[PDB]
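Novice: Protein chains in written order, with this note's numbering: chain B, 1 to 181; chain F, 1 to 98; chain R, 1 to 44; chain E, 1 to 30; chain V, 1 to 76; chain Z, 1 to 136.
Heads up, the beta-carbon is just placed ideally off N, CA and C, and yes, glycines get one too.
One structure, pasted below without further comment.
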Amino acid sequence: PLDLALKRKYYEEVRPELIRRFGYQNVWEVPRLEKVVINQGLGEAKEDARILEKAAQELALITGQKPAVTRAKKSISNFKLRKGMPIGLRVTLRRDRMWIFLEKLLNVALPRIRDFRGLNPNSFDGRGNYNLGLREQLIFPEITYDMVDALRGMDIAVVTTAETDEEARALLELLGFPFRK
Amino acid sequence: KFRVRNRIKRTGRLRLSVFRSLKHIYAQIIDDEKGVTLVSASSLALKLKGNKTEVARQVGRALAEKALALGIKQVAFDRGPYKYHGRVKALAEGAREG
Amino acid sequence: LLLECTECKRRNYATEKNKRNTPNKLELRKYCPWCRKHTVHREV
Amino acid sequence: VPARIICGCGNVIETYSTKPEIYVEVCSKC
Amino acid sequence: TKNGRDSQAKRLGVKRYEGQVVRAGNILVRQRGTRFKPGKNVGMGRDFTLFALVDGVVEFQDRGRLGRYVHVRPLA
Amino acid sequence: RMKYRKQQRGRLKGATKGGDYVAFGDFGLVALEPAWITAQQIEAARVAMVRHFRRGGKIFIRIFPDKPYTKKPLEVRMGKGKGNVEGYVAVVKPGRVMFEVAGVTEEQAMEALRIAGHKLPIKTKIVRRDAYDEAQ
RNA sequence: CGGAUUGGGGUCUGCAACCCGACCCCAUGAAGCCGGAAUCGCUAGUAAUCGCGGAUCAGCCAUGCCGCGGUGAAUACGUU
RNA sequence: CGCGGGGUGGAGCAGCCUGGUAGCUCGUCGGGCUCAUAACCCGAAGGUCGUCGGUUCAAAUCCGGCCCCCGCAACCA
RNA sequence: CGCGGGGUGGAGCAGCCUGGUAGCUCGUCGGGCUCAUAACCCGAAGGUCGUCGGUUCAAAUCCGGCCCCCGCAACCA
RNA sequence: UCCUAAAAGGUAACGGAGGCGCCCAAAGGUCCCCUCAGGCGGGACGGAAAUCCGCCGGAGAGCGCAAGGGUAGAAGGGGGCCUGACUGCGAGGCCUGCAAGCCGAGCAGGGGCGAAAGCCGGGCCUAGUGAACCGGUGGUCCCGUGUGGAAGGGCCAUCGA
RNA sequence: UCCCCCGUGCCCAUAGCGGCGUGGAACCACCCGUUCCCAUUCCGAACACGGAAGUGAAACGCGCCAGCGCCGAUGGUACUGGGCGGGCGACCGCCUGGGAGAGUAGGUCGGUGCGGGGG
Ligand SMILES: [Mg+2]
Ligand SMILES: [Mg+2]
Ligand SMILES: [Mg+2]
Ligand SMILES: [Mg+2]
Ligand SMILES: [Mg+2]
Ligand SMILES: [Mg+2]
Ligand SMILES: [Mg+2]
Ligand SMILES: [Mg+2]
Ligand SMILES: [Mg+2]
Ligand SMILES: [Mg+2]
Ligand SMILES: [Mg+2]
Ligand SMILES: [Mg+2]
Ligand SMILES: [Mg+2]
Ligand SMILES: [Mg+2]
Ligand SMILES: [Mg+2]
Ligand SMILES: [Mg+2]
Ligand SMILES: [Mg+2]
Ligand SMILES: [Mg+2]
Ligand SMILES: [Mg+2]
Ligand SMILES: [Mg+2]
Ligand SMILES: [Mg+2]
Ligand SMILES: [Mg+2]
Ligand SMILES: [Mg+2]
Ligand SMILES: [Mg+2]
Ligand SMILES: [Mg+2]
Ligand SMILES: [Mg+2]
Ligand SMILES: [Mg+2]
Ligand SMILES: [Mg+2]
Ligand SMILES: [Mg+2]
Ligand SMILES: [Mg+2]
Ligand SMILES: [Mg+2]
Ligand SMILES: [Mg+2]
Ligand SMILES: [Mg+2]
Ligand SMILES: [Mg+2]
Ligand SMILES: [Mg+2]
Ligand SMILES: [Mg+2]
Ligand SMILES: [Mg+2]
Ligand SMILES: [Mg+2]
Ligand SMILES: [Mg+2]
Ligand SMILES: [Mg+2]
Ligand SMILES: [Mg+2]
Ligand SMILES: [Mg+2]
Ligand SMILES: [Mg+2]
Ligand SMILES: [Mg+2]
Ligand SMILES: [Mg+2]
Ligand SMILES: [Mg+2]
Ligand SMILES: [Mg+2]
Ligand SMILES: [Mg+2]
Ligand SMILES: [Mg+2]
Ligand SMILES: [Mg+2]
Ligand SMILES: [Mg+2]
Ligand SMILES: [Mg+2]
Ligand SMILES: [Mg+2]
Ligand SMILES: [Mg+2]
Ligand SMILES: [Mg+2]
Ligand SMILES: [Mg+2]
Ligand SMILES: [Mg+2]
Ligand SMILES: [Mg+2]
Ligand SMILES: [Mg+2]
Ligand SMILES: [Mg+2]
Ligand SMILES: [Mg+2]
Ligand SMILES: [Mg+2]
Ligand SMILES: [Mg+2]
Ligand SMILES: [Mg+2]
Ligand SMILES: [Mg+2]
Ligand SMILES: [Mg+2]
Ligand SMILES: [Mg+2]
Ligand SMILES: [Mg+2]
Ligand SMILES: [Mg+2]
Ligand SMILES: [Mg+2]
Ligand SMILES: [Mg+2]
Ligand SMILES: [Mg+2]
Ligand SMILES: [Mg+2]
Ligand SMILES: [Mg+2]
Ligand SMILES: [Mg+2]
Ligand SMILES: [Mg+2]
Ligand SMILES: [Mg+2]
Ligand SMILES: [Mg+2]
Ligand SMILES: [Mg+2]
Ligand SMILES: [Mg+2]
Ligand SMILES: [Mg+2]
Ligand SMILES: [Mg+2]
Ligand SMILES: [Mg+2]
Ligand SMILES: [Mg+2]
Ligand SMILES: [Mg+2]
Ligand SMILES: [Mg+2]
Ligand SMILES: [Mg+2]
Ligand SMILES: [Mg+2]
Ligand SMILES: [Mg+2]
Ligand SMILES: [Mg+2]
Ligand SMILES: [Mg+2]
Ligand SMILES: [Mg+2]
Ligand SMILES: [Mg+2]
Ligand SMILES: [Mg+2]
Ligand SMILES: [Mg+2]
Ligand SMILES: [Mg+2]
Ligand SMILES: [Mg+2]
Ligand SMILES: [Mg+2]
């Protein structure tokens, strides 16, 4: 399924602009969007392995990929978790399923968000990446209201060859990222 | 990574370093404890056609002809951080078949 | 617990050590007798 | 399959998701 | 008080030295961890015991990163 | 301090590393004989020094005790001593620089270091400064 | 259901409603699913429940007081 | 290790023998009543009957094995 | 000082053995009955588990030192 | 286990300081794969510390349990298959007064894992234990009181400090 | 002979990090794609396969620069088999042979073996 908007958006729009705002030499130097990850701090899905699959399967739809599992390792004595049996929910998508996800992001999810104001332009890893936070997971399209037994939250990320948050900012902006200015 | 390498380095003689490129497959018979290659049958850096797997076979046989010649037979194989599955497979395969 | 492994349709034993309560109840691990060679050995 | 976002404000994108009949609203068109 | 305790001497260390004749199976060096690595015709066991697998002379070879290997040069 | 309970005796060999140079201040106090210097001795010389020239400058005490002084309470030989009675001491061998003053007058120094010397069990000397450091 | 609280706008009395008036409109919708031990009022047009007026007084923080009518019960064996 | 007795509601016991009946005491909650606790009176939730298994129409029941407690005499190179 | 036992809400005392969740009585506080107080009834609050370091995912609980308390011992010369 | 112990080994005191009287059928065997703790920067609950992302980060983690030594060029982390926690053995050698302890190439039978080379006779290793006698339970080419047989015993296995 | 590059081993930091430069026809990597072998507890990122186009950006090769790291004299010195003397003691000294560590001058951003391809 190699065909979408955000695809050629980076190609015939962002790419050239990245040659403008900064300018380069080699094609393999211009910041390429390549890695996107998700995560869900599931200390909640400890007691309930049932509620665990629910979050995973829900995720499966909104991501268009295959959910994964990543428990803890240390030992939160304060909050009931130890060995690392409980759970954490992770899922990394790339190539096409990546582009298809971001499309839904800035055209579906972000749009109908509780008093949406944009993306905080500070959430850069000091280098050339970005990390955002979300609550209600139902802001995604396919997620029906009468199906969510909990407004489980989650946070994602996106890696790019970008080395500076200025290049990153420009990139993301050109990609179509409404940054709360 | 190269654990396996060290394993057979204490095994015996006549290692078979099977280094393969993204389109090539070099095969060298290097004996340790000295650092000398005997039967070095290259691939795309030799003569053969253009079919990685099949080439791996023909180069494996290339080793055979030169190996049996010098009287070498100890098939001490050297995986060289590669999974015995595809190209590297036909190497020792075709070479040990003939 | 001190475990002893018998043989199938014969009368040979083996030295073993099971776990009292720990997830271990029966021992169906194969072994090797002196009469013939290699037959499964039940706990017993 | 081509997810036809039927958002209620005049935008129908052909993304890729489950059930092309994805009824949404308040997207990027409004 | 309560301190007078100690496990008797285990008597480890270098058993054979470089420039020594050795049969086959002579415990070259009994070591704690792996202060001395095997090598040419030398293997170890559970307690990391070093012994000869052939017949010759014992030889040492320090190799920094790699380690302090010890071998035996067979001859007759 | 903070490490663990007791420690050995250990002889006091040559006055080697037990001996340095005037690193800070202007004047200095050096030992001539080797011995353990007691905590009570440090303070004794300390108070004596600072008390002499009221509102004194800065008094540097280079040495520092950390050797658990052992001792038994008038009995026999049931294990090792409780020690700690006198407290602790420092490995003080000839050449060492116990004290050294600064930002004050020479007369204040000479007299002070002198008095603080009597607070010490070891026969001592008083070195100026010179220029003996390590340079070019 | 409930109308507390609170934002903003506006009305009128009076020199003047920040402290302190009443009121209206929009939004806000608090605790409360019938009340712990304990305790109160009434024997018939009574209790319960509903509205009305007046003195007071510029106005009003009145759910207060005094008066009036509408509807309209229950039970009282007995005096330990 | 050998012998025999039982496990029954938050807890103990009768039911067991010779199967057709989960009942009893107290606690506990609500109701009656009292000056008050209580006595006393009404109603109610909680037991695969330690377990697995077998025979029977039905098994707490009779029986085999398994887990545990308690009792018994004996034993210890 | 040798050996043993013990520092837990304001008073006394359980929990430590068998690491996760401080219990009881009195008192204190607020409310009721009484003219009033106690008695009695209704509800509430109250601890750093002596101390310092260590063990542990985690310490009132486990280990070690110090400090305080109680008990026993302290002989032959 | 370490120090004392004086650079081979050994080495004492009512010398300093701390453990063991176990545990694991997966914490084993083979095969294939994988790399720490922390620090910073970024991120919904969390926020010193769950989980995810980037850069740094050679061993200060991990290695069941005290410590020492060793160790990511794996002894550590995970998955597949499996039961070598095999029998009959044992050149040689550590240690050592005796007894006891300890390593083990390779051979044979037979079996696991891998394509194979090859590895596997338990656990990274150094504590987790007990001569002999007495008797118990299973097994067996043996003995069996004139003779067949039984009692009883020996032998291999294993039990009660 | 010699040079550039590929495989692999040795010496085991004077080869490491880092900033700069530089090479793609060849060699190498990335790269295209995921139908077949095969795979990520999620992803062809990793492992794998078929193979053209593109770049030398990443990685690596080569070269430079010393700030960090590392190597390290010499000189003298501490200590010391051995022989001898002095002090109540704590300790001190000489003859004989041995001789560090630290600090100084200073060195280094590699050297090297066999085979393979290319001029
Ligand atoms: Mg499309
Ligand atoms: Mg380019
Ligand atoms: Mg899945
Ligand atoms: Mg929906
Ligand atoms: Mg936008
Ligand atoms: Mg001793
Ligand atoms: Mg002793
Ligand atoms: Mg001793
Ligand atoms: Mg002894
Ligand atoms: Mg301190
Ligand atoms: Mg000394
Ligand atoms: Mg004193
Ligand atoms: Mg004096
Ligand atoms: Mg004195
Ligand atoms: Mg003087
Ligand atoms: Mg309004
Ligand atoms: Mg009313
Ligand atoms: Mg009025
Ligand atoms: Mg009026
Ligand atoms: Mg009367
Ligand atoms: Mg009997
Ligand atoms: Mg009986
Ligand atoms: Mg009863
Ligand atoms: Mg009752
Ligand atoms: Mg039963
Ligand atoms: Mg049952
Ligand atoms: Mg008895
Ligand atoms: Mg007490
Ligand atoms: Mg008590
Ligand atoms: Mg106390
Ligand atoms: Mg208390
Ligand atoms: Mg008290
Ligand atoms: Mg108490
Ligand atoms: Mg009590
Ligand atoms: Mg205790
Ligand atoms: Mg608590
Ligand atoms: Mg309480
Ligand atoms: Mg009590
Ligand atoms: Mg009370
Ligand atoms: Mg009371
Ligand atoms: Mg009270
Ligand atoms: Mg009271
Ligand atoms: Mg009161
Ligand atoms: Mg009184
Ligand atoms: Mg309380
Ligand atoms: Mg305590
Ligand atoms: Mg607590
Ligand atoms: Mg007390
Ligand atoms: Mg006498
Ligand atoms: Mg030593
Ligand atoms: Mg020694
Ligand atoms: Mg001592
Ligand atoms: Mg065990
Ligand atoms: Mg395993
Ligand atoms: Mg394993
Ligand atoms: Mg991994
Ligand atoms: Mg960290
Ligand atoms: Mg921070
Ligand atoms: Mg952060
Ligand atoms: Mg963080
Ligand atoms: Mg939540
Ligand atoms: Mg965090
Ligand atoms: Mg943080
Ligand atoms: Mg932090
Ligand atoms: Mg292992
Ligand atoms: Mg493993
Ligand atoms: Mg495995
Ligand atoms: Mg099989
Ligand atoms: Mg042993
Ligand atoms: Mg064999
Ligand atoms: Mg093994
Ligand atoms: Mg082990
Ligand atoms: Mg062990
Ligand atoms: Mg037989
Ligand atoms: Mg027979
Ligand atoms: Mg006979
Ligand atoms: Mg017999
Ligand atoms: Mg037994
Ligand atoms: Mg460049
Ligand atoms: Mg260039
Ligand atoms: Mg595929
Ligand atoms: Mg095909
Ligand atoms: Mg298929
Ligand atoms: Mg796939
Ligand atoms: Mg790839
Ligand atoms: Mg194809
Ligand atoms: Mg090109
Ligand atoms: Mg190019
Ligand atoms: Mg480059
Ligand atoms: Mg090179
Ligand atoms: Mg130096
Ligand atoms: Mg030097
Ligand atoms: Mg210089
Ligand atoms: Mg320098
Ligand atoms: Mg360089
Ligand atoms: Mg060379
Ligand atoms: Mg040329
Ligand atoms: Mg030319």
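1. By the three-class DSSP mapping on this structure, what secondary structure does B:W99 have?
2. Assign R:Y13 to buried or exposed, taking buried as 16 or more other Cβ atoms, counted over all protein chains shown, within 10 Å of its Cβ.
3. Kindly give me the distance between the Cβ atoms of Z:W36 and Z:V89, rounded to whole angstroms, as I take these residues to be in contact under 8 Å.
4. Which runs of the beta strand (DSSP E) fall wholly inside the region 62-98 of chain Z and span at least 3 residues, in chain order?
5. Verify whether the separation of the beta carbon atoms of Z:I115 and Z:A48 is less than 7 Å.
6. State the DSSP-derived secondary structure class of F:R7, mapped to helix, strand or coil.
7. Counting beta carbon pairs with one atom in the region 41-51 of chain B and one in the region 73-92 of chain B, are three or more of them shorter than 8 Å?
8. Under 6 Å Cβ to Cβ from R:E43, same chain only, skipping five residues before and after it: list those, please.
9. List, from N- to C-terminal side, the beta strand (DSSP E) runs of 3 residues or more that fit wholly inside the region 3-76 of chain V.
10. For F:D31, which residues of its own chain have a beta-carbon under 6 Å away from its beta-carbon, when the five flanking residues on both sides are left out?
11. Please name the residue or residues paired with B:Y130 in a DSSP beta bridge.
12. Can you name, in chain order, every residue of its own chain whose Cβ lies under 8 Å from the Cβ of Z:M110, other than the five neighbours on each side?
13. Please list, in chain order, the chain B residues whose beta carbon lies closer than 9 Å to that of E:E25.
14. Given a cut-off of 7 Å on the beta-carbon distance, is the pair V:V70 and V:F36 in contact?
15. Using a threshold of 7 Å, state whether the C-beta atoms of Z:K58 and Z:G103 are closer than that.
16. Is it buried or exposed for B:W28, if we count other Cβ within 10 angstroms and need 16 for buried?
17. Can you name the start and end residues of the beta strand (DSSP E) that B:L89 belongs to?
18. For the candidate residues R:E4, R:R10, R:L1 and R:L3, whose alpha-carbon lies nearest to that of R:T39?
19. List the residues that DSSP assigns as beta-bridge partners of F:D31.
20. For E:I22 and chain B, any beta-carbon pair shorter than 7 Å?
21. Report the rounded CA-to-CA distance for E:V12 versus B:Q57, giving the unit in angstroms.
22. Please report the straight-line C-alpha distance between F:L63 and F:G86, rounded to a whole angstrom.
23. Return no unless some Cβ of chain E is closer than 7 Å to the Cβ of B:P67.
24. Tell me, which residues are paired with residue 47 of chain E by DSSP?
25. Name the one or two DSSP bridge partners that residue 104 of chain F has.
26. Measuring straight from C-alpha to C-alpha, what distance separates B:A55 and R:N18?
27. Output, in chain order, the set of chain E residues within a Cβ distance shorter than 9 Å of B:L106.
Specialist: Looking at the coordinates:
1. Translated into the one-based positions of the first sequence, residue 99 of chain B becomes position 99. B:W99 falls in the helix class under three-state DSSP.
2. Along the third sequence, read from residue 1 onward, the residue named residue 13 of chain R stands at position 13. Exposed, because fewer than 16 other Cβ atoms sit within 10 Å of the Cβ of R:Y13.
3. By 1-based counting over the sixth sequence, the position of residue 36 of chain Z is 36. By 1-based counting over the sixth sequence, the position of residue 89 of chain Z is 89. With a Cβ gap of about 4 Å, Z:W36 and Z:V89 count as contacting.
4. 88-92
5. Along the sixth sequence, read from residue 1 onward, the residue named residue 115 of chain Z stands at position 115. Along the sixth sequence, read from residue 1 onward, the residue named residue 48 of chain Z stands at position 48. It is a contact, given that the beta carbons lie within the stated cut-off.
6. By 1-based counting over the second sequence, the position of residue 7 of chain F is 7. It is helical.
7. yes
8. In the third sequence, counting from the first residue as 1, residue 43 of chain R sits at position 43. Closer than 6 Å at the Cβ level, and outside the excluded window around R:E43, lie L26 and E27.
9. 42-44, 50-52, 56-63 and 67-74
10. Residue numbering aside, residue 31 of chain F sits at position 31 when the second sequence is read from its first letter. Excluding sequence neighbours, F:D31 sits near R13 and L14.
11. Residue mapping note: residue 130 of chain B aligns to position 130 of the first sequence, counting from 1. According to DSSP, B:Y130 bridges with B:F124 and B:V158.
12. Here residue 110 of chain Z refers to the residue found at position 110 when the sixth sequence is read from its first residue. If we look at Z:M110 and ignore the five residues flanking it on each side, its Cβ neighbours are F27 and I126.
13. Reading the fourth sequence from its first residue, position 25 is the one you call residue 25 of chain E. What E:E25 touches in chain B: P111 and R112.
14. In the fifth sequence, residue 70 of chain V corresponds to position 70, counting from 1. In the fifth sequence, residue 36 of chain V corresponds to position 36, counting from 1. It is a contact, given that the beta carbons lie within the stated cut-off.
15. In the sixth sequence, residue 58 of chain Z corresponds to position 58, counting from 1. In the sixth sequence, residue 103 of chain Z corresponds to position 103, counting from 1. The answer is yes: Cβ separation under 7 Å.
16. Indexing the first sequence from 1 puts residue 28 of chain B at position 28. Exposed: under 16 other Cβ atoms inside 10 Å.
17. Taking the first sequence and counting its residues from 1, one reaches residue 89 of chain B at position 89. Unbroken beta strand (DSSP E) run through B:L89: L89 to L93.
18. Reading the third sequence from its first residue, position 39 is the one you call residue 39 of chain R. Among R:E4, R:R10, R:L1 and R:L3, the Cα nearest to that of R:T39 is on R:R10.
19. Here residue 31 of chain F is taken as the residue at index 31 of the second sequence, counted from 1. F:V36, per the DSSP bridge assignment.
20. As a position in the fourth sequence, residue 22 of chain E is number 22, starting the count at 1. At least one chain B Cβ lies under 7 Å of E:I22.
21. To locate residue 12 of chain E, count along the fourth sequence from 1; it is residue 12. To locate residue 57 of chain B, count along the first sequence from 1; it is residue 57. Rounded to whole angstroms, E:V12 to B:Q57 spans 26 Å at the Cα level.
22. One-based indexing of the second sequence puts residue 63 of chain F at position 63. One-based indexing of the second sequence puts residue 86 of chain F at position 86. F:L63 and F:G86: Cα-Cα distance of roughly 18 Å.
23. For the purposes of this step, residue 67 of chain B is taken as the residue at position 67 of the first sequence. Taking Cβ atoms only, chain E never reaches closer than 7 Å to B:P67, which makes this a no.
24. Within the shown structure, residues of chain E are numbered from 1 to 30, placing residue 47 of chain E beyond reach of any answer.
25. Because chain F in this structure spans residues 1 to 98, residue 104 of chain F falls outside the shown range and cannot be described.
26. Position 55 of the first sequence holds residue 55 of chain B. Position 18 of the third sequence holds residue 18 of chain R. Approximately 41 Å between the Cα atoms of the pair.
27. Taking the first sequence and counting its residues from 1, the one referred to as residue 106 of chain B is at position 106. Result: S28.
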